[PDB]
Each structure stands twice: as structure tokens, then as C-alpha cells.
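The structure under discussion appears below in the form of C-alpha cells.
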Amino acid sequence: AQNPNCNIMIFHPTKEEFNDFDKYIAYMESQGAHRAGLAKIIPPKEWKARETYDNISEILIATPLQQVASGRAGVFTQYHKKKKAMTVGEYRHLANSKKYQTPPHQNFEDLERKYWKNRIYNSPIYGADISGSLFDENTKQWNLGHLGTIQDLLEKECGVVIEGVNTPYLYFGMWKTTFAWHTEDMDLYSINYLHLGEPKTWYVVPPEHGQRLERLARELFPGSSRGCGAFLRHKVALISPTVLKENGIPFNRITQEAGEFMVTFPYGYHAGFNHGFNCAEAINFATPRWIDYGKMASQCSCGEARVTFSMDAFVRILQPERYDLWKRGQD
Ligand SMILES: O=C(O)CNC(=O)C(=O)O
Ligand SMILES: [Mg+2]
Ligand code: NI
Ligand SMILES: [Zn+2]
């Protein structure tokens, strides 16, 4: 068995190997990358996402989200308070202000220490979940707006044609902006490209150990667990690495820098934080290996998780028994 300790693997494809996205994902899996839940892909030196980032300031962040924490420093939830619209240039200036800017630090480990000590005492503002793309249309390799769609994969594997579309999303971050512990919708893959700015630190639980994280979360968030049998789908709970280690939960960590891709694998729980002003692009995708994970994915039906249009068909076809209850949650 390849990668039996479930380490995060880092890949350096050549420009030739960067042509065929599906083939490269399957290669990485042949080497055991999926066992970690997360892999890094450093693009060949010949590649670029676009020519420059000098002209992005007028992108609008219609609904910036202030991430307000409750709990203790290593075990907390966050809620998203909606703020007034602002441009990317306005958000960048805000990120760099004395109130929000990255503190002085020695290295990524020192900054990570400071994040976990102090996150809860601040409420950073995240420009998350913005439909759009920063890939040039002429970028032919690993262009996250030109991937094969999940609806087409389902149709190719299973023969059933379904409605829905699959487009990318932009994330503009600042120091301390946080992504809570989650798997993707329908336990899909994700791919995330850090276009510019400061790093993103990731934590990940191997898919084979995801239920250990779920059991800890039920213990640590006992009201939420009574409310919903899949409350991590709400994407609000944070647990620090120190607390994970105290509770014996297997996990790994890695820091993504600008110009690098991360892939999350089906049922790989992940969480993390941004180091300072940055911009990432991410999208979900599927492969043949995903289908069995999609059929088994948990679902929130309490009403909180509320998701895209395109998840309907995935539930309907892969999980027909659960469909009626889940759809009630959506309505
Ligand atoms: O970058 C972020 O805030 C969150 N990203 C992801 O969870 C992802 O790409 O799957
Ligand atoms: Mg612009
Ligand atoms: Ni994710
Ligand atoms: Zn729920």
C-alpha cells in the first residue's frame, strides 16, 4: 500500500505531465497521495495562471464576511456577520491596516503559534465564495475554469444526464481569516490555487480516519451535535492542532504559498487560516473514484448547511433514500 502513514505528498509535474489533468490526479493517487486527504502540486516553471495581477482591484466583494468566534482558543465556532460591499482594492487596504495586518513574526511556525493563541480575540473579514476566475482564458493547463464538470463525470460513469453547472470561486483573505473543519459537498475533491499574496496554512485528517474527527467534534460541540447529525457540514467549528494531538486524532499540516495548488481528496477533512492578504481560487471536481464516496456522504438536513443548486441532482441520483429528508432541509 502506497503512503501508509498518510503523509501529505508534494508533486512537481513537468510541463508535459501538466497537460492532462485527470491523468495526473490518477498518477498522484497511484502513489498514495489521497491517503493524506490533501496534496500539494507545484506547477512547472514554464507555467503561469495569467500575466499579472495588477488589474484586479475593481473586483467587487458584494458580501464580505466578519468571522466572529465563540469558545476557547483551541475549540471555537465562528459565525459570519455580513458587511457592506467593498472592492478588492478597498479590501486589500483594510487587510493591510494596523487593525488587521499580520503581526511581526519569525517564521511560519511562530505565526501558527500566534494564530492559535490569539485568533478568537479578533474578527477578521473574509471575501469568500465569490463566483469568478482569475485564470487567463489562454491558460490551457490546470485552468480551474476549464475543468471537466462533475455533471459530466456522473454522466460518463453512471449514464444519467443531470442538470447543474460547476464553476470556480474566488477567496480574498486577510490575517486570521479561517476555514472551519469540513469535507467538500458530497465528499467531492477540491482544487485550490493561491493566485497571490500571503500563505495559507492547512490542516487535514486522512479520509480513512475521518470518523475519528467526527466523534471528537460531537464531544467538543455537544449542543451542535444534538441539533444535527452532520453539523460539520455547517462549516463553523474549529479545533486546534494541540487539541487534536491531545485527543489522538491523526492529522497533518502544510503551508501553501502563492503559485501553488492544493488538492483535497474525497472525505479529507480540512481546516486552516490565511497569513495575510491573499487571493485563492477553488472549485470542486470528481473522478471515477469519487462515486462511491458521493453515495456514502453524510448530509445535513437540519436546514443550516444550505448549498448550491447542483447538489440536488447528486443527492437525487446517488442517495435517493435520503433525498426527501435532505430536500426538506433545503426548503
Ligand atoms: O481557501 C479557503 O478558505 C477554503 N478552501 C477550501 O476549503 C478548499 O479549497 O477546499
Ligand atoms: Mg479589477
Ligand atoms: Ni474545502
Ligand atoms: Zn445541519
Side-chain angles (χ1 to χ4, degrees), residues 8 34 36-41 50 52-62 64-65 67 78 80 85-92 95 115 119 124-130 132-134 136 142 144 147 150 166-205 207 210 213 232-238 254-258 260-286 290 293 297 305 307-308:
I8 299 166
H34 58 292
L38 184 64
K40 176 178 293 193
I41 310 92
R50 65 176 307 109
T52 79
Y53 292 88
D54 291 339
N55 307 117
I56 69 169
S57 306
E58 315 309 309
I59 294 171
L60 193 67
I61 308 171
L65 305 173
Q67 302 188 292
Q78 61 187 8
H80 292 172
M86 79 183 70
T87 66
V88 165
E90 290 162 342
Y91 178 83
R92 180 174 63 233
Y115 174 85
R119 159 69 184 95
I125 294 168
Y126 205 173
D129 290 315
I130 297 160
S133 185
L134 293 171
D136 184 314
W142 289 54
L144 298 191
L147 302 179
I150 298 158
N166 174 206
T167 54
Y169 295 88
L170 302 178
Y171 299 78
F172 291 94
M174 69 168 63
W175 169 234
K176 284 170 176 173
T177 51
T178 302
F179 52 110
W181 282 108
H182 70 286
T183 64
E184 304 303 305
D185 288 346
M186 219 70 186
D187 297 343
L188 283 160
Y189 294 73
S190 66
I191 181 163
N192 181 301
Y193 182 68
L194 190 54
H195 280 283
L196 64 94
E198 303 316 305
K200 189 188 291 289
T201 292
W202 301 67
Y203 305 90
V204 59
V205 174
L213 182 70
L232 295 176
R233 295 286 170 205
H234 307 169
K235 309 192 304 185
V236 302
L238 279 300
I254 193 168
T255 299
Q256 176 191 22
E257 299 187 77
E260 304 179 338
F261 291 91
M262 304 300 297
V263 165
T264 83
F265 296 86
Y267 197 60
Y269 275 103
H270 53 284
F273 63 89
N274 296 305
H275 291 209
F277 171 71
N278 67 15
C279 173
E281 180 170 342
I283 197 174
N284 297 116
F285 71 93
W290 167 69
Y293 288 89
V307 307
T308 184

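Read the numbers this way: they start at 1 and go in the same order the structure lists the ligands and their atoms. In what follows, residues are counted from 1 in the order of the sequence shown. When reading the values below, keep in mind they use all heavy atoms of this one structure, side chains included, and skip hydrogens, waters and symmetry mates.
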Please state which part of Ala282 comes within less than 4.0 Å of ligand 1, counting heavy atoms only: side chain, backbone, both or neither. side chain
Of the N, O or S atoms in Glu184, the one nearest the Ni ion (ligand 3): OE2
State the CD1-OH distance between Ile150 and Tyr189, to the nearest 0.5 angstrom. 11.5 Å
Geometry only, no angles: is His270 polar-contacting ligand 1 at N/O separations under 3.5 Å? yes
Protein heavy-atom partner closest to atom 10 (O) of ligand 1 - residue, atom, separation in Å: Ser190 OG, 2.7 Å
Could you state the interatomic distance from NE2 (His34) to OG1 (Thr264), rounded to the nearest 0.5 Å? 13.5 Å
Compute the shortest N/O to N/O distance between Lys200 and ligand 1 and return yes if it is under 3.5 Å, no if not. yes
From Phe273, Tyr126, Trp202, residue fulfilling ring-ring contact (aromatic ring centres under 6.0 Å, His included) relative to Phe179: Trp202
Ligand 1-proximal atoms of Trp181, by part, heavy-atom distance under 4.0 Å: neither
Nitrogen or oxygen of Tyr171 less than 3.5 angstrom from that of ligand 1: no
Atom NZ of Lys40 and atom CG of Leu194: how far apart are they, to the nearest 0.5 Å? 9.5 Å
What protein heavy atom is closest to atom 9 (O) of ligand 1, reported as residue, atom name and distance in Å? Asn192 ND2, 3.0 Å
Qualifying residue, where the test is side chain to side chain donor-acceptor pair (under 3.5 Å) with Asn192 and the options are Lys200, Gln256, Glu281: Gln256
Using a 4.0 Å cutoff against the non-hydrogen atoms of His182, which atoms of ligand 1 qualify? 7 (O)
Which value, rounded to 10°, describes the NE2(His270)-the Ni ion (ligand 3)-NE2(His182) angle? 80°
Could you grab the distance from atom CG of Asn284 to atom OH of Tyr169, nearest 0.5 Å is fine? 8.5 Å
Among protein heavy atoms, which sits nearest to atom 3 (O) of ligand 1, and what does the distance come to when rounded to 0.1 Å? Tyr126 OH, 2.5 Å
Passes side-chain contact (heavy atoms from CB on, under 4.5 Å), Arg233 versus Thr183? Steps please. CA-CA 8 Å; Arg233 295 286 170 205; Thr183 64; 3.3 Å; yes
Under 4.0 Å from any heavy atom of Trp202, which atoms of ligand 1 are there? 8 (C), 9 (O)
Taking the side chain as everything from C-beta on, heavy atoms only, tell me whether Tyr193 gets closer than 4.5 Å to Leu134. no
